[PDB]
């Protein structure tokens, strides 16, 4: 008798974060039976060589109430038939909550991957904060990405024996998304130059601060000739216009279209430093040992800052330049961040998750938390 694990994912980012876990399950077929259920990303599954078992075509002018009901009724039926021992839902999407609820209705064990993040504000993010809180009450086992997420769960009175700080599976994903010898002209023509990668997608930054930020990187590039800038341009025309105006026409600045999360991981790997306001990049970049300068005034990632893998520098042009130059001119400061321990995971969150599941069903050694 195997432990039948049903992994549910409904978005591309979930696919990337759940794939590694599915791979881990598939590495131990003597113990696990893996059932993958899609509720939407076929490019990601091809990379991880994951044949999905069930594909629910849930639809897209649908309200939140309708999406929830469709996914819940769909998953209810899938679970009732497949009769898995455990269903794994991820993070805070509506699909995860709905599938979680169908899992509870079917009286199956519910595992929550990336468990316990909280803003404690029921309407920000909406409905993600509530999703993760609801999923949190229904979950039987929680796989927290950090010590903080675990504490959040403890403060809500969850049973410590059911929470495991495993790290973030997104980092495990890098072992597969990052190619042995990735292919891209810019990376091939890079030579001895230091690649600087920049991305900004937060509404607050895409506004007026955007101009100061492009001017900052332009100046970094002009001041340091052995650097090159890659900027996947945001789709907003006003943003592109500012990018073309300030960053256009420079041989060492590449203004390209938005990269896939996968192409991005591969660029990230050869990057010397990255400027971003993306949450995922703050946890993934240090997985590559890439120093991250965060273009934000606030952050939900204090661990990265305390660890030294990340630097919160805001959006002031003078601060972008200073902080960038510091890293570019002082190899000591670079390796300091480059070697700082990633508090969000070591790339083996999947293994800890599986050991945790094995621990419950076969009552084998309880895995200890990921040590930051």
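Positions refer to the first chain, counted from 1.
Gap size between residue 306 and residue 305, counted in deposited residues that the entry leaves unmodelled
Gap between residue 305 and residue 306: none.
What is the count, as a class, of unmodelled deposited residues between residue 59 and residue 60: none, 1 to 3, 4 to 9, or 10 or more?
Unmodelled stretch: 1 to 3 residues, a short break.
Taking only the CA atoms, which stretch has the higher mean B-factor in the record, 11-19 or 358-366?
Averaged over C-alpha atoms, the B-factors run higher in 358-366.
Mean CA B-factor: is it higher for 317-325 or for 31-39?
Per the PDB entry, the higher value belongs to 317-325.
Looking at 106, 236, 148, 177, which has the biggest Cα B factor in the entry?
Spelled out: the listed residue with the top C-alpha B-factor is 236.
Highest recorded Cα temperature factor - choice among 277, 85, 114, 297
Answer, based on the entry's C-alpha B-factors: 297.
Should residue 333 be placed in the lowest, middle or highest third of its chain by the C-alpha B factor in the entry?
It falls in the top third of the chain.
By the record's CA B-factor, is residue 140 among the lowest, middle or highest third of residues in the chain?
Its C-alpha B-factor, which the entry lists for residue 140, ranks in the lowest third among residues of this chain.
Within this chain's modelled residues, let me know which third the CA B factor of residue 68 belongs to: lowest, middle or highest.
Lowest third.
By the recorded C-alpha temperature factor, relative to the other modelled residues in its chain, which third is residue 100 in?
Its C-alpha B-factor belongs to the lowest third of this chain's values.
Is the Cα B-factor recorded for residue 126 in the lowest, middle or highest third of its chain?
It belongs to the lowest third of the chain when residues are ordered by C-alpha B-factor.
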